[PDB]
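Notes follow once the structure below has been shown.
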Amino acid sequence: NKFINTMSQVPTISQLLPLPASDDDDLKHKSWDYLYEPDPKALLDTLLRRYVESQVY
Amino acid sequence: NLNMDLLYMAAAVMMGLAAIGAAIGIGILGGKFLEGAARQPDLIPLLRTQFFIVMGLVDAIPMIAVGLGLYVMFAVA
């Protein structure tokens, strides 16, 4: 239930795990592509773990 | 006589070493250019200008070698 106001709320169902849509195109470059300093796959795994947990909390 | 037989050999060795040096030097430089461009193509014209700037100094010495090889082959003979 969304805390819309001090005196108003509403129940909602939302898409969680499979990533929902966004409105953008690729940003080519800013600073450094940390990605391949450690393994990309494992770090992305950890990051998405954090993402789901934060949404739930 | 023996002079020309050895002078063609001298020009040959000089220009062969010049060829090896120039070719492989530009090879090394261009590889990094291409990889970096694949990561982010917005820099391609910029890095290609940098590429000529550096490639001139790469070809500095080998064309001294080539000029003197051509001189030995066609003028000393």
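Fully extended, how many nm does the chain gain between B:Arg48 and B:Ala12 (0.36 nm per residue separation, minus their Cα-Cα distance)?
Answer, rounded to one decimal: 9.7 nm.
For segment B:1-20 and segment B:26-53, what is the centre-to-centre distance using only Cα atoms, to the nearest Å?
So the separation of the two Cα centres works out to 35 Å.
Treating only the Cβ atoms of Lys and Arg (+1) and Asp and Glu (-1) as charged, compute the dipole magnitude of chain A about its Cα centre; round to the nearest 20 debye.
300
So, by mean Cβ neighbours within 10 angstrom, what's the order for B:25-37, A:18-30 with the highest one leading?
On the way: B:25-37: 12.3, A:18-30: 6.7.
Per-residue mean Cβ counts within 10 Å order the peptides as B:25-37, A:18-30.
What percentage of all Cα-Cα pairs in chain B are separated by more than 14 Å?
67
Along the principal axes of its C-alpha atoms, what lengths does the protein assembly as shown span, in descending order and rounded to whole Å?
110, 27, 19
Per residue and in Å³, how big is the convex hull formed by the alpha-carbon atoms of chain A?
Cα convex hull per residue, to the nearest whole number: 152 Å³.
Given a Förster radius of 25 Å and the C-beta distance between A:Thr6 and A:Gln55 as r, what FRET efficiency does 1/(1 + (r/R0)^6) yield to the nearest 0.05? Before the final figure, lay out each step's value.
Values: r = 24 Å, r/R0 = 0.95.
That pair, A:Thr6 with A:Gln55, gives E of 0.55.
Output the 0 to 90 degree angle, nearest 10, between the alpha-carbon long axis of helix B:2-39 and the longest principal axis computed from the alpha carbons of chain B.
Long axis of B:2-39 versus the principal axis of chain B: about 0 degrees.
Subtracting the Cα-Cα distance from 0.36 nm times the residue separation, let me have the gained length for B:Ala19 to B:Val58 in nm, one decimal.
Length gained, B:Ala19 through B:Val58: 12.9 nm.
Grab the DSSP H runs of the protein assembly as shown that are 4 residues or longer, score each as -39,500 (n - 2.57), total them, divide by all residues and round the 222 nm result to the nearest 500 deg cm²/dmol. Mind dumping the intermediate values first?
Numbers: 3 runs with 83 residues, N = 134.
For the protein assembly as shown, the value works out to -22000 deg cm²/dmol.
We did not get these values from a lab; they are worked out from the coordinates using the rules stated. Note that each Cβ is placed from the backbone with ideal geometry, even for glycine, and that neighbours are counted across all protein chains shown.
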